[PDB]
Each structure stands twice: as structure tokens, then as C-alpha cells.
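What follows is one chain in C-alpha cells, specifically the form deposited in one PDB entry.
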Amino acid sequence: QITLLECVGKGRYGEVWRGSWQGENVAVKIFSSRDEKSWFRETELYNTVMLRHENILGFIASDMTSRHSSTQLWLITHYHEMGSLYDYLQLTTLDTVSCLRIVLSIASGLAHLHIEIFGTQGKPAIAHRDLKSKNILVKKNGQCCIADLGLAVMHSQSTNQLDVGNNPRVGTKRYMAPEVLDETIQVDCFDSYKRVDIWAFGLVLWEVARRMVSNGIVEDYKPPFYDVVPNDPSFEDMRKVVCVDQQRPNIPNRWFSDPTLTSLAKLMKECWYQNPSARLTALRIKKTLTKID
């Protein structure tokens, strides 16, 4: 039994509630009609794959109920009262320690998605296909975990057939990679999807770093490409910024005072190449941020 208590988010993706499962606080994502398929892929992933990781949004159950003589699709997960990284960054500013932890954990979590593992706690490789700051949740110990797997893709070296499902939804156009904005992404190849994930991590990286203080100054929060595209950008908008003009988020010049911000800037630059074969891997990213301080 489950009781929704407190709606914490309304949107085009549906709604997220704080609920109780047996009095225990949990999060209930009610999917909208437009996303049935995203509920299925995500329920498919969490149930057929072990995903238990500190930096992946923890799963409890998936369920179907009826409000108003009509069916609602719920996903039921761990609840994080600080909320999304997007909300957190607006609310607050960061020091070096807190900055790196946030970005290390996103990479410690994405790497775990990205790689195949074997044995009793094994898993196929997974790509997210919708990495962004609104799809990351921030935990009381100030580590993040990755939410929203409704677009995800799987692969094993055991079988070597690609399972992309059949979801009519696409990414968030703001974080789309150039190959995707091109419609030149080779959908036949699994790594394509990883590399698409790496791009989006570079932009996330960029959103967080702005909120780290150095010489007593931060930039305000902005979404990527905030200066050059309107809210809810057309597909043909992002295409001209990213593919045609070939633009990227600016590095503020104050970052070049600081070695941490210069390091992270070196790093996000490596996530941002137009050729996807050239971008870094999550595991490189993880191990790199492991050294930086």
C-alpha cells in the first residue's frame, strides 16, 4: 500500500510526489499519458538488471493504479528532500570540496551505468540518453544520484544484440549532442549512446562549476546555451547553435585563475567535440576527477 502525500513537481513528464510506502518516505513519479513507454523501459531496466548503486536513483517498485476510472503508471523510488541538482544550484553556491564531490558522484554513477559487469552483482552496459541537471538528485550527504531511465539502452558482450526498445520520445533538446541534432548518429552502434551521455555530462559539469566560488566570485546559475537560445528551444535552434555555428558554453575567464576550475574546464572541453569518437569515457572522467582537488 502507498499513499501520495505531497506533490513536489508538476510538468510535461507528469508528476513527482513525496509518498509513504508503509509510512516510509518515498518518491512516486506519476507518468503522463505521453510517456507510457518510458514507464515500461524504466520498469524493464530496474527489474531485469541490478542497479543498486549509491549514485543511481534507487528503485523500490513500479505499479499501476486507477484514479478517475483511468489507469496511472507509477514508478516508486527513493526520495531525496533537497531535490534536483537543477534546483540546488539556484539555491546555493559551492566550495571546491562540495563541487568535486557533486561532479565525482555523477561520474561514479554514470561510469557504473556505462560498463558491463559480470558475476552475482553483474549488469549489462547502459546508456541514459537524457542526462541533465533536472534528472540528477542531490542527497543529504551532498552526493548526487542519477534519476530517469525511461530512454535508456542496454548491451552485453554476452549476446551483442542492441536493445534500444521503441520509445517515440527523444532527449531534451538543450542537451542534445551534435550527432543527434544532425540526425547523423549511427543508431546501430551502442557507443554512440555512451558518447551522447558524455556530451551531456560536459554541459552538466559546466552548470555546476559556475556555482563554485573562487576569488570570492561565482557566476549565477544558467542552463547551457542560455545566452543563445530561448526557453524551450526548437530543434532547428539548437541545431544552428551547436551544429552550424558550432558554438559551446563559454569558460568564464575567472576560472583560469583557479586550477580546479581550469582542470574541470580542460575536462568538459574533452566532452564537447563534434566528432563523438574523440570525447572522453565516463571512466576516464571518473578517474580524472578522482585525482583533482
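The first residue of the shown sequence is 1; numbering continues from there. We call the rigid core the largest set of C-alpha positions that still match within 1.5 Å between the two forms.
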query: Thinking of the other compared PDB entries, is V164 one of those residues unmodelled in at least a third of them?
result: yes
Other PDB entries, at least a third, lacking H68: yes
- prompt: In the PDB record, does 195-203 or 165-173 carry the higher mean Cα temperature factor?
  reply: 165-173
query: If you average the CA temperature factors over each stretch, which comes out higher, 13-21 or 279-287?
result: 279-287
- line: When the entry's CA B-factors for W255, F59, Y226, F31 are compared, the highest one belongs to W255
field: Highest-ranked of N55, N47, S69, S38 once sorted by CA temperature factor in the record
entry: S69
message: Ranking every modelled residue in this chain by its Cα temperature factor as given in the entry, which third contains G216?
response: highest
- request: Could you look up the Cα B-factor of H155 in the entry and say which third of the chain it sits in: lowest, middle or highest?
  value: highest
message: Quick check for you: using the entry's CA B-factors within this chain, is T43 in the lowest, middle or highest third?
response: lowest
statement: Quick tally, chain-level thirds of C-alpha B-factors: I292 sits in the highest
- prompt: Among the modelled residues of its chain, does the C-alpha B-factor of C99 lie in the lowest, middle or highest third?
  reply: middle
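There is also a form deposited in another entry; it is not shown, and the following applies to it.
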query: Does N215 show a Cα shift reaching 2 Å between this form and the one not shown after rigid-core superposition?
result: no
query: Superposing on the rigid core, does the Cα of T159 end up 2 Å or more away between this form and the one not shown?
result: yes
message: Does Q22 move appreciably between this form and the one not shown, meaning a CA displacement of 2 Å or more on the superposed rigid core?
response: yes
